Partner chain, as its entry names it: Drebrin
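What follows is a single chain, given as structure tokens, in the form solved without the partner chain.
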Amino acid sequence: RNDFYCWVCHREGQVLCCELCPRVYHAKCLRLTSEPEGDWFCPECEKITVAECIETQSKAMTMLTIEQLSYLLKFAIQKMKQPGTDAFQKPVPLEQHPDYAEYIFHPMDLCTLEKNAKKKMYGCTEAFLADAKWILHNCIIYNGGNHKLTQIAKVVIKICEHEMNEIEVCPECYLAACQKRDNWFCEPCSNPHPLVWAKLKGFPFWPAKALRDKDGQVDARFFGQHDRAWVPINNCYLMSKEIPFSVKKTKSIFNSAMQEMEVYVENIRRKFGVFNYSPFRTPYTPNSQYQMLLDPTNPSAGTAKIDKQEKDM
């Protein structure tokens, strides 16, 4: 049965109906070039469609099976199920809220989410977040937007959003971070992240993994403390023997980070057989291949075809 409350603003009124799911939307809340005809898939269903399409799925998703994703979603639910999320951990009981089903046509809770994930019902992170969002929508409808429960539901979704985003950035990093085995941060990924010197305004030059590029910013994960930041691409250099010098007050901390990095370099060398340090102050460029070149003096020869076409919880 279709919902009566707009998925965007959580209010009733004249609402559009999705063909593919029970969500409904005020035309106005969608900021359209014009209202639809006849075939309309909502923005949630559009997103999920674009994502679960083999040829336009994300690096993360192309890497992942449904089953592998379900294992990762299990970790994400554990993050969502923090202390103080009591109200949303099990289905709302009718004994306490006898009129709940007059307002809420599509109940959801964290336990249901977990069971659904285990049953391999989610084909992508997008589908998981969209389903989790019923918790927040429902809470706002029934309790009110300013109710204290809504604060808690908002945090649950913000946690979900963060976790989904992290899976999408790199599922292998995510799994590593979840299990926290020793030197998890030194374990190379199947498509290894470039090592850079990264300088954030206000901070000393520091070793990091470059996880992605977006609009001239690099998603840098720093050795040592395992902090993170977007770093301007022009402030990122490929890793070199010579260190770009910064005054600092944290000498043992820097040493620890450099130690960690050298383990990582040893691991990359072990797993892929190469690692190329670059000349001092070599700009990092998007999707940099340099560190993996067979012969760094011959970029046209590229990386070594060493894959055997082969394919940890």
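Residue numbers count along the first chain shown, from 1. Rigid core (definition): largest C-alpha set, two forms, superposition within 1.5 Å. Only residues modelled in both forms are compared.
Among the other PDB entries of this protein that were compared and that flank it with modelled residues, residue 247 is left unmodelled in a third or more. Per the record, residue 311 and residue 312 are separated by 4 to 9 deposited residues that are missing from the model. Of the two segments examined, 162-170 and 181-189, it is 181-189 that shows the higher average Cα temperature factor in the deposited entry. Mean CA temperature factor is higher for 300-308 when stretches 12-20 and 300-308 are set side by side in the entry. Taking the PDB entry at face value, the top CA B factor among 131, 219, 114, 227 belongs to 227. Which of 254, 41, 245, 275 has the largest Cα B-factor in the deposited entry comes down to 41. Sort the chain's modelled residues by C-alpha temperature factor and residue 102 lands in the middle third, per the entry. Ranked within its chain, residue 207 lands in the lowest third, by CA B factor from the PDB record. Compared with the other modelled residues of the chain, the Cα B-factor recorded for residue 66 ranks in the middle third. Among all modelled residues in its chain, residue 150 ranks in the lowest third by Cα B-factor. Sort the modelled residues of the chain by CA B factor and residue 136 lands in the lowest third.
One more form of this protein, solved in complex with the partner chain, exists but is not displayed; see below.
Interface residue among 106, 214, 162, 74, judged by heavy atoms within 4.5 Å of the partner chain in the deposited complex: 162.
Think of it this way: in the deposited complex, the partner chain has a heavy atom of just one of 181, 158, 119, 97 within 4.5 Å, and the residue is 158.
For the marked spot (243, 282 and 284), a heavy atom within 4.5 Å of the partner chain in the deposited complex is absent from each of the three residues. The candidate stretches are 226-234, 107-115, 137-145, 190-198, and the one lying within 4.5 Å of the partner chain in the deposited complex by heavy atoms is 226-234. Within this chain, residue 92 is remote from the site of the partner chain in the deposited complex, having no heavy atom within 4.5 Å.
Put simply, residue 128 is far from the partner chain in the deposited complex: not one heavy atom of it is within 4.5 Å.
Although the partner is absent here, residue 250 lies within 4.5 Å of the partner chain in the deposited complex, judged by heavy atoms. Using a 4.5 angstroms limit between non-hydrogen atoms, residue 169 is distant from the partner chain in the deposited complex.
At a threshold of 2 Å in C-alpha displacement, with the core superposed and only residues shared by both forms counted, the segments of at least 3 consecutive residues that shift between the shown form and the other one are, in sequence order, 32-35, 297-302.
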